[PDB]
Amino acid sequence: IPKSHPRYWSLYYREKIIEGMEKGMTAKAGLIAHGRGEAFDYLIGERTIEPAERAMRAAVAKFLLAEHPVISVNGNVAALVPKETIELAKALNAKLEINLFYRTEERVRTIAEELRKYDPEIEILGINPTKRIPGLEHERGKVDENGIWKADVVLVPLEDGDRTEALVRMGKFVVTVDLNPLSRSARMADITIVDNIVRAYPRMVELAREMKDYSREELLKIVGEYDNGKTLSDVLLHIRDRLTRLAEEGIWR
């Protein structure tokens, strides 16, 4: 399709998610999840909205003040932002852990190989996790002692509500990127970024540098003031107004 196609990027990223499945990284359930992401993205406007920028500033602040920052990676992340998830882990000095709900050997390997394609030297935790998140079935709650297990601040993007929830109960401060503000994961996380992860990861990286040197007292003012409930509400309000406008345009009969 021509570069001017209004569906240009979502189409571009869709092939990417399919290539993901082809590479054995992205699970079938992943394609379904991607579609949900697409629809929601169409609704918010395929751009980072103010409530998302707001939550991202707060999440970055929180990661810089963190003690053991950990960025989680699953099959979709690997298909969409392999390079950006690494850059983000460095800009935040957080470690990288592959963490799958539907964990298999090939999938962990392929995702591992995919990340390396961009940095053959990054430490990738999660190849053989020993620990478990309490409240989850064994095979779905694995976590590596050096990563999530010891983490205080965690970023689990595109995550399932059971895991997000078990993580909060476990005492971890949870940050996620999720285009569905109505999902359990989005509603349970401590900081929810409602934005397409292809836009949020590079943005959080930019915000990383822009905040690189901030008075710890400032980084603390930022997070201390952030209101995830207010954020969710504004996102729901954003979507509604969008629905009012969208319904007023396009082909009809």
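Numbering starts at 1 and follows the sequence shown.
As recorded in the PDB entry, 121-129 is the stretch of 121-129 and 166-174 with the greater mean C-alpha temperature factor. Comparing 104-112 with 79-87, the higher mean C-alpha B-factor in the PDB entry belongs to 104-112. Set against one another, the Cα B-factors of 26, 196, 215, 192 in the record reach their highest point at 215.
Highest CA B-factor among 32, 207, 55, 43, as stated in the entry: 207. Per the PDB record, residue ranking by Cα B-factor puts residue 21 in the highest third of the chain. Per-chain ranking of the deposited C-alpha B factor places residue 153 in the lowest third. Per the deposited record, the Cα B-factor of residue 186 falls in the lowest third when ranked against the other modelled residues of its chain. Split the chain's modelled residues into thirds by C-alpha temperature factor. Residue 137 is in the middle one. Residue-level temperature factors show residue 66 in the highest third of its chain, judged at the C-alpha atom.
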